[PDB]
Amino acid sequence: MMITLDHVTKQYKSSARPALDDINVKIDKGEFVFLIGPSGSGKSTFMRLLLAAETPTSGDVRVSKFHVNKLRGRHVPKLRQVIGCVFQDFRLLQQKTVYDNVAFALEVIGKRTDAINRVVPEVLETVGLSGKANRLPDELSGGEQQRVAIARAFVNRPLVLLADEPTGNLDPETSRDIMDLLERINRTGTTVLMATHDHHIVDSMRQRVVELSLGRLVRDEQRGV
Amino acid sequence: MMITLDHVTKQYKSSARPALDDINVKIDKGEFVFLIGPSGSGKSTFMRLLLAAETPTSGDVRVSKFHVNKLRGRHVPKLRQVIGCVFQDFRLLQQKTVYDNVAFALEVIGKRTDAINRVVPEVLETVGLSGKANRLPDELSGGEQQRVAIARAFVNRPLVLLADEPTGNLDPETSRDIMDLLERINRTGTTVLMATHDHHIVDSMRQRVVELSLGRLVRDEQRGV
Amino acid sequence: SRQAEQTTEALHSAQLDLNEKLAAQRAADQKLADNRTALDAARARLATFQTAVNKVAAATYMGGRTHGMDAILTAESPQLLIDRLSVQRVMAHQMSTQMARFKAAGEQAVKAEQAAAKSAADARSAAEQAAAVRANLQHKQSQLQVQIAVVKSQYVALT
Amino acid sequence: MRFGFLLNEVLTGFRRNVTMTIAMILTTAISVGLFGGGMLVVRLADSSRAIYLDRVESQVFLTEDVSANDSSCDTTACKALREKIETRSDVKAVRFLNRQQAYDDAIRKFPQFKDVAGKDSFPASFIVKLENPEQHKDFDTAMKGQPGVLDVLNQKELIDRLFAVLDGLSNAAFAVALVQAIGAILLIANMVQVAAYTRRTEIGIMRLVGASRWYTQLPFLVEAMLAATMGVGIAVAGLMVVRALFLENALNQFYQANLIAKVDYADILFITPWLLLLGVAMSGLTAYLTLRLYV
Amino acid sequence: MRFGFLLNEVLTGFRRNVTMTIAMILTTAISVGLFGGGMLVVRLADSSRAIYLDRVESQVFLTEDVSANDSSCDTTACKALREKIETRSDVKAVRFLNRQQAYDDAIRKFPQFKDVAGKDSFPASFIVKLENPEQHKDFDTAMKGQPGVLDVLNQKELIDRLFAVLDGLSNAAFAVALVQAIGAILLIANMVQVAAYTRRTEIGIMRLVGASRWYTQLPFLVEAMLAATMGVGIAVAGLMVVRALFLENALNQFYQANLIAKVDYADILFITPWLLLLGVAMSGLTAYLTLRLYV
Ligand SMILES: Nc1ncnc2c1ncn2[C@@H]1O[C@H](COP(=O)(O)OP(=O)(O)OP(=O)(O)O)[C@@H](O)[C@H]1O
Ligand SMILES: Nc1ncnc2c1ncn2[C@@H]1O[C@H](COP(=O)(O)OP(=O)(O)OP(=O)(O)O)[C@@H](O)[C@H]1O
C-alpha cells in the first residue's frame, strides 16, 4: 500500500556492478530527499525504474498503486500522469513559445480546452515566471530554462516530483532560488526526489539525505545535514 | 605577440545582450587561466570565437599565429591543428576501441602507420589511464570517459588548449584526479582556458581567474584566488 | 610344226573378251542415253521454277507488307480485318511451301549433278577399259595370217 | 477531441522537414501511377478483345480432291460434310465458300499477289459462326468426326496474338511497378527514422507525460496518410496530362480506324478510388509497424 | 597517402544503414532504366527510318521494257514519263534509280533475300519527292491505265500512326524518367543529411581536431559513386530480364515482319558509358554542391 520499491537490480548485458544488490529504501508522503551517488555507481537507472522505462532484474516497483513489476503496457500510460520528471539540458523546444511549452503537457493528456489555460497563470505565478511568457526560450537566459521545465512538470496534480539533477550548469548563486522553489512544492502537495550530484548543496538546508554507493545504503537517517 | 583577443562582440540576428562588448584580456605563454561568469555568459560563443567558427561582430581575435577574424577558410583547419576542446557529452564514438578513439584524432591527419602508434602508448600513460586500451567506452565507467576525451587532443602538441566545462558531469570526489591533471598539463608548457562555471573549484587551487558578467569583466588580476 | 599349232584354239576362244567388252560399252552407252536426260529434266524444271520463285519473292516488294503487325496498319475497319486473317493465314503457307519445294528441288538438282558426274566418270572408265580390249587385238588376231603363211611351208620335203 | 492541434502539428512537421517528403510525394505517385497505367492497359486489351470477339467466326480447310470440284455443292461428299454439322449447339450459321471467290476479295481489298497466287491454293471453306468464340476449345476438338478436312488453324485466334505487344507490356509495367512498391515501402518505413530525429524534443516530453501508445503514433501517421492521398491525387493528374499530350495524339487516327475501345475521362476515375484504397493501405501497413517495432 | 583507409568506414556506414542505402539502389535503378529504355526505343525510331520512306517521298514502278532493257533513263519513252510529272507544280525533284541499284538496298528492306532467290527481279523505281503530301489521293491514281507504269506504291499513309505510337511511348518514358530523376536528385541530397544525422559524432569530432575540407565529404561521396554504379548495374541487368522474358514476344516477331531494325542485346553497350557517366554526374553534382555552405 505504501509507495516504495526495493530489492532491485539491473544487469543489462555485462553485470559488473548490477545497479543495486539488496536495498530496502522506503519513502513517505511529502518528503524532500537527496541522492548521494558516485558517477560510476548508477543513479539514473533508479529513476528510470520509477518511470518503468527499464525492466527490473529483481524486486518490485510500486508507487501509489499495486505491483508494477509485471505491469501491462496498456496501464503504463495511465501511470505517468501522476509522475513528472526533469532532466539536465532543460528538454525545451525552441520553436514554441514560453506559454506554449507549459501548455503542452496538459494538452496532450486530453481534456476540455477551457480548462487548459485556467491553470497556466496559476502555476506560472508560483514559479516566478509570470512575465515575458510569450518569448522564445532562446530569447530567455539560462537561469530560467528550468523554471519553465518545472512548471511543465507541474501542470497537473501529481504525486511525486523526481528530479534528475535540475542544477549542474547553474551558479551556486543561481541554484539557491531553485532548490527552495521545490520546497514550497514539497510542503504543499507532493513528495520530491532531488537526485543530487555534488555534496556542497546537500549540507546547506539540512534535510533528508540518501547515499547510494554502487547500490549500497551508506547514509540514511532523514535528519540533519 | 601574445595569444589573446580584444573588443569582441557577437550580435547574431537579435542583439539584446550580444555576448560581450569590449574586452582587453591577455593570455601569456603556458599561462593557466579560468573564465567564470553567470549562466547566460556565452561561454560557448566565446569558444566558437576562439575556434573562429563564427566571425566576430567587432574587433579581432588572435592566438599568436594570425589575426583569426579575417582568415580564409583554407587556413581554418590549420588553426584547428593546434587547438583542442572538450565538452559535457565527451564526444566519444561508442563502438570503436579506447585506443581506436585516441588514434582517430591523428590518422585523420594521415601519416605512416608506425607514427600513430609511436605516441599513443606514450600519451596514454600521461593521462593516468594505464590500461583498458582494448576496452569499449560503453564498458568503461563514466569517470574516465572525460579522461580519454582530454587524452585525445594530445596526440600532437597543441600550443593552446581550451576547455568548455569538463567538470559538472564529474563528482567532486572523482574530479579530484582530474583537477590536478590540468596543472600537470600546464607544467609541461601548454596553456588551457579552464572555463569552469561553479565557484567551489575557483577558490581551491588559486590560479588566474578572469571574471565576466554578461560580457562585462567583473575583475581580472591573473593571480591569487 | 608345233610352233604354230599351239595357238590354233586361241583365235577361236579370243572372241569372248571382245564380245563382253562390246556388251559392256553398249550397256554404258544405253545408260548414258538416259542419265543426262534425267539430269537435264531435273535441272530444267528448277530452271523453269526460278522465274516463279523470284517473282513471288519480289512480289511483296510492291506493297506486300502483310506478314506481321503491319497488316492491321493498312486496315480501315474491323469488318475488313476479321476476314483478312482467314486469307492471310492460308497465303502465308503458300510461300512457305514454295521455299520448301525450292529447297527440295535444289537438293534434287545437287543429287542429279552428283549422279551425272559419277556416270561421266563411269563412262570414262568403261571407255578406258574397252579401248584396251581392242588395243592388243591387232597383234592378237594377226596369228591367223601366220597360220596361213606357215600352211604352205608345212609340207615335208615339198610334199 | 482536439482535432485542430494535429492540423498545425503536421504543418510544423512539414516546415521542420520538407526535403524528404517532397521527394516521397513524387516517388509514391510514380509507384501508383505505373500500376494505374498497367491496369488501364489491361482494361484496354480486354475491352477491345471483348468488343471484337462478337464478330469472330470459325473457318475450316478442306482437302484438295473435294475443293477441286465445281463451285456449287452437288456431290454426296460435300453435303455429307454439311448436313451433320448443322445439328450442333454452337453451330448456328454455316456459309459455304468457293474457290474463285477467294481470288476476288483478296485482290480487290488487297491489290497484291495478283500474278503469283496459284489457282489451286485456296480450298473451299465453311465459315461457321459461334456464340462463344472464347469457348472455342470444344469446336476445334470436335472436328475428328468430320472427314475430308485438312486442318483448322484454331478458327480465328489471331487477335490475342496480335495484341501481344501490349499484353507483354502490361505485365512489364506491373513488374516494374512492384519494383517501385518495394522501393517505396521501406521509404515509408524509414520516413519516421529521420522524422523522429527532427522532433526528438517533444516526443520525449509526450512519452514521459504518459500519452497513449496509439495516440503517440498519429502525428507520425497522418503526415504519411495525407501525403499518400496527395500522392495518388497528383499521380492521376500526372497520368492524365501525359495521356492527353502523348497517347491521345497517337490514337486520334484510331477514331476513323475504330480498332481500339480507347480510354476517356471516366476510365481513369473508375479505378481512382481503387488506387486510393491500395495506396493508403500501402502507406499504412508500413507506417504503423515501423513505430511499434522500431520506436 | 594510401587510399585503403577509406574502405573500412563505408562498410560500417552500410552496416548501420541498410534501408536508406538500398532505396538509393532501387531509386537510381528505376530512373536509369527508364531513361535507357527511352533512349533505346528512340534509337529504334531513327534506326527504322532507313528501311522506310519519309513523308516527302513517293514510289512508282515501271514496266520491263524500260527497267530491264535501256536501264539508264535515256530513251524518249522514259523521258516522256519522267518529265510529265513536272508539268504540274506538286513535286520538287526525281531520283535516278534503276535495276543496277536494286539488290544492294534489297538487303536492308528485306532481311531474307540475301540468299540465292534470283537476280533481275526488282523493277526501276525513280522515286519523287512532293512538297504537298495532301494531293496523294489522285497522284497515285493518275498512272493507272497508262502503259509504262507497272503499279504504284504509296505507303506514307498509315505509317505516321506507327511512328506516332512508337515515339509517343518514348516521349512518355522520357517524361516519367525525368520526373523520377527530379524525385531522385534530392534523395541524393538527403542521403548526406540522414548520414550526418546517424553519424553525427565523428563528423563532429574531425572538424574540431581539424581535418581538410575535402576529406570531410570524401566518405560522403565515395559511397555515392559506388551506389550510383550499383544502381546503373542493377538497371542494365533488369532491363534484359524484362526484355527477354516479358517483352520478347513482339520484337522477335517483328524480324519476320521486317518492321523494326536489327535490335539485339549488344545495342545497350553503345549507351552504357554515357549512362555510366550520367549516373555518377547526377550523383556528384548534388552530393557536393549541397555541402558547400553547411561547413
Ligand atoms: N545503455 C547502457 N548499457 C549498459 N549499462 C548501462 C547503460 N546505461 C546505464 N548503464 C549502467 O548504469 C550505470 C551508470 O548509469 P548512467 O550512465 O546512466 O549514469 P548515472 O551514474 O546513473 O548518473 P548520471 O545521472 O549522472 O548520468 C552503470 O552501472 C552502467 O553500467
Ligand atoms: N545559437 C546561438 N545563437 C545566438 N546566440 C546564442 C546561441 N546560443 C547561445 N546564444 C547566446 O549566448 C548567451 C548564452 O549562451 P548559452 O546559452 O549557449 O550558454 P553559455 O553561457 O555559453 O554556457 P554553457 O556553454 O556552459 O552552456 C545568450 O546571450 C544567448 O542568447
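Residues numbered from 1 in each chain as written, not as in the entry; some residues may be left out. Chains lettered and ligands numbered in written order. Heavy atoms only, no water. Residues with missing side-chain atoms left out of burial classes, pairs and counts.

Method information in the entry identifies cryo-EM as the source of the structure, with 4.0 Å recorded as the resolution.

The PDB entry annotates chain D as Cell division protein FtsX originating from Mycobacterium tuberculosis. UniProt, in the comment section headed Function (unreviewed entry), describes chain D in these words: "Part of the ABC transporter FtsEX involved in cellular division." (UniProt positions renumbered as here; feature names shortened; annotations may be inferred.)

Within the PDB entry, the label attached to chain C reads Probable endopeptidase MT2245, and the organism entered is Mycobacterium tuberculosis.

**Q** What is the right way to look at the overall build of chain C in this model?
**A** Along chain C, the regular secondary structure elements total seven helices and zero strands. The N-to-C order of helical and strand elements in chain C reads α-α-α-α-α-α-α. For chain C, whose C-alpha radius of gyration is 35 Å, the value lies well above the compact-globule estimate of 15 Å for 159 residues. Each principal axis of the C-alpha atoms in chain C carries an extent, and together these give about 125 × 20 × 15 Å. For chain C, contacts bridging at least 24 residues in sequence account for 84% of all contacts bridging at least 6. (Helix = DSSP H or I, 4+ residues; strand = E, 2+ residues; numbered from the N terminus. Rg over C-alpha atoms; globule rule 2.2 N^0.38 Å. Contact = heavy atoms within 4.5 Å.)

**Q** Just checking my understanding: could you explain the overall build of chain D for this structure?
**A** Each helix and strand counted, chain D has eleven helices and three strands in total. Of the regular secondary structure in chain D, the N- to C-terminal order runs α-α-β-α-α-β-α-β-α-α-α-α-α-α. Within chain D, contacts between residues separated by at least 24 positions form 85% of all contacts whose residues are at least 6 apart in sequence.

**Q** How should I be thinking about the pattern of salt bridges in this particular structure?
**A** Working definition: two side chains of opposite charge can pair if their charged atoms are close together. Residue D:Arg49 pairs with D:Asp46 through a salt bridge whose shortest N-O separation is 3.5 Å. Taken as a pair, D:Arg49 and D:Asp46 lie in helix α2 (residues 21–53) at a separation of three residues, close to a single helical turn. Two residues, E:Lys129 and E:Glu57, come together in a salt bridge whose shortest N-O distance is 3.4 Å. Taken as a pair, E:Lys129 in strand β3 (residues 128–130) and E:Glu57 in the loop between α2 (20–47) and β1 (59–62) lie far apart in primary sequence, 72 residues in all. (Salt bridge = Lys/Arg side-chain N within 4 Å of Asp/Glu carboxyl O.)

**Q** Is there a simple way to explain the interface of chain B and chain E in this structure?
**A** For an interface, size is often stated in terms of accessible area lost upon the parts coming together. Taken together, the contact between chain B and chain E spans 17 residues of the former and 13 residues of the latter. Among the elements of the structure, α2 (76–81) and α3 (98–107) of chain B are those that each provide at least two residues to the side of chain B that touches chain E. Of the residues contributing to the side of chain B that touches chain E, the split by class is nine nonpolar, three polar and five charged. (Nonpolar A, V, L, I, M, F, W, Y, C, P; charged D, E, K, R; others polar.)

**Q** Sorry, what's going on with the interface of chain E and chain D here?
**A** Taken together, the contact between chain E and chain D spans 30 residues of the former and 28 residues of the latter. Of all the elements in the fold, those that place two or more residues in the side of chain E that touches chain D are α2, α7 (160–198) and α10 (253–257) of chain E. Here the side of chain E that touches chain D takes 16 residues from α7(E), the largest share from any one element. Tallied by class, residues from the side of chain E that touches chain D come to 20 nonpolar, eight polar and two charged.

**Q** Looking at this structure, I do not really get the state of the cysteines. What am I missing?
**A** What makes a disulfide is a covalent bond joining the sulfur atoms belonging to two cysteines. Two residues, D:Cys73 and D:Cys78, share a disulfide whose sulfurs are 2.0 Å apart. Here the disulfide of D:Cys73 and D:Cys78 is right-handed, its torsion about the S-S bond being about 110°. (Disulfide = S-S within 2.5 Å.)

**Q** Honestly, the side chain of C:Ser119 in this entry has me stumped. Any pointers?
**A** Residues and elements named next belong to chain C. With respect to the helices and strands, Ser119 occurs in helix α5 (residues 84–135). Polar contacts involving the side chain of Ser119 include one to the side chain of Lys31, which spans 3.0 Å. Once residues within four sequence positions are removed from consideration, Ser119 is found in contact with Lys31, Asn35 and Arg36. (Polar contact = N/O pair within 3.5 Å; in protein donor to acceptor, adjacent residues only side chain to side chain.)

**Q** Even after reading the chapter, I still don't get the environment of E:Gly38, so can you show me in this structure?
**A** Considering the arrangement of structural elements, one finds E:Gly38 in helix α2. Setting aside residues no more than four positions away along its own chain, E:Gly38 makes contact with E:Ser170, E:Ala173 and E:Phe174.

**Q** Quick question: what am I supposed to make of the UniProt feature "transmembrane region" (unreviewed entry) in chain D here?
**A** As recorded in UniProt, the feature "transmembrane region" (unreviewed entry) lies at residues 21–45, 172–197, 218–246 and 266–291 of chain D. Between the first and last C-alpha atoms of residues 172–197 of chain D the distance is 38 Å; the span itself is 96% helix and 0% strand.

**Q** In this structure, what is going on with the packing of α2(D) against α7(E)? I would like to understand it.
**A** Helix-helix packing is described using two parameters, namely the angle between the two axes and the distance between the axes. Between α2(D) and α7(E), whose axes approach to 8 Å, the crossing angle comes to 150°. Of the possible angle classes, the one that applies to α2(D) and α7(E) is roughly antiparallel. Two packed elements cross with a definite hand, and for α2(D) against α7(E) that hand is left-handed. Across from D:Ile22, D:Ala23, D:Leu26, D:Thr27 and D:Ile30 in α2(D), the residues of α7(E) making contact are E:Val176, E:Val179, E:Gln180, E:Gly183 and E:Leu186. Tallied by class, the residues present in the contact of α2(D) with α7(E) amount to seven nonpolar, three polar and no charged. (Axes fitted to C-alpha atoms, helices over the stretch in contact; angles between N-to-C directions. Parallel < 35°, antiparallel > 145°, perpendicular 65-115°, else oblique. Left-handed = near helix turned anticlockwise from the far one by under 90°.)

**Q** Whenever I open this one, the UniProt feature "domain: FtsX extracellular" (unreviewed entry) in chain D confuses me. Can you help?
**A** Those places that UniProt annotates as "domain: FtsX extracellular" (unreviewed entry) correspond, in this numbering, to residues 56–152 of chain D. Helix and strand shares over residues 56–152 of chain D are 16% and 12% respectively, and the end C-alpha atoms of the span are 14 Å apart.

**Q** I'm lost on the sheet that holds strand β6 (residues 191–195) of chain A in this one. Help?
**A** One key point about sheets: their strands pair by backbone hydrogen bonds, in either a parallel or an antiparallel sense. Residue and element names in this part refer to chain A. Ordered by their spatial adjacency, four strands build an open sheet running β2-β6-β5-β4, and the pairing between neighbours is parallel. Each of the sheet's edge strands pairs with one partner strand only, and the pair in question is β2 (32–33) and β4 (83–86). This element, helix α5 (residues 145–153), spans β4 and β5 (160–164) of the sheet and lies at about 170° to β4. (Pairing = 2+ DSSP bridges.)

**Q** Can you walk me through the packing of aromatic side chains in this structure?
**A** Two descriptors summarise a pair of aromatic rings, namely the distance from one centre to the other and the angle between the planes of the rings. Considering the side-chain rings of A:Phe32 and A:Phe34, the 5.1 Å spacing of their centres and the 70° angle between planes classify their relative orientation as edge-to-face. Ring geometry for E:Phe96 against E:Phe126: centres 5.8 Å apart, planes inclined by 80°, an arrangement best described as edge-to-face. In this pair, E:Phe96 sits in the loop between β2 (91–94) and α5 (106–109) while E:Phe126 sits in the loop between α5 and β3, placing the two residues 30 residues apart along the sequence. Ring pairing ties together the aromatic residues C:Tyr61, E:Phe61, E:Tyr103, E:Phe110, E:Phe113 and E:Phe122, which thus form one cluster. (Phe/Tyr/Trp six-rings, centres within 6.5 Å; stacked < 30°, edge-to-face > 60°.)

**Q** Would you mind going over the environment of A:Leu170 with me for this structure?
**A** Looking at the secondary structure, you find A:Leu170 in the loop between β5 and α6 (176–179). Sequence spacing of A:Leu170 and A:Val160 is ten residues, and the spatial spacing of their C-alpha atoms is 24 Å. Non-local contacts of A:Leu170, meaning those with residues more than four positions away in its chain, are made with A:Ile178 and B:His197.

**Q** I'm lost on the arrangement of the chains in this one. Help?
**A** Across the six pairs of chains that are in contact, the largest number of contacts falls between chains D and E. Here chain A and chain E are not in contact; the least distance found between their C-alpha atoms is 18 Å.

**Q** I tried to follow the sheet that holds strand β4 (residues 83–84) of chain B on my own but got confused; where do I start?
**A** Residue and element names in this part refer to chain B. If you walk across this open sheet you meet the four strands as β2-β6-β5-β4, and the pairing is parallel. On the outer flanks of this sheet lie β2 (33–34) and β4, each paired with one strand and no other. In this structure, strand β5 (residues 160–164) lies alongside strand β6 (residues 191–195), joined through five bridges in parallel fashion. Residue pairing across strands places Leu161 opposite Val192, the latter belonging to β6. Its contacts with the sheet put helix α1 (residues 43–50) on β5 and β6, and the angle it makes with β5 is roughly 155°.

**Q** Can you help me understand the packing of helix α6 (residues 164–189) of chain D against helix α11 (residues 265–292) of chain D in this one?
**A** Residue and element names in this part refer to chain D. Where α6 contacts α11, the two axes come as close as 8 Å, and the packing angle between them is 40°. In terms of their interaxial angle, α6 and α11 are classed as oblique. Two packed elements cross with a definite hand, and for α6 against α11 that hand is right-handed. Along the contact surface, α6 presents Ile185, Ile188 and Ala189, while α11 presents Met282, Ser283, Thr286, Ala287 and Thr290.

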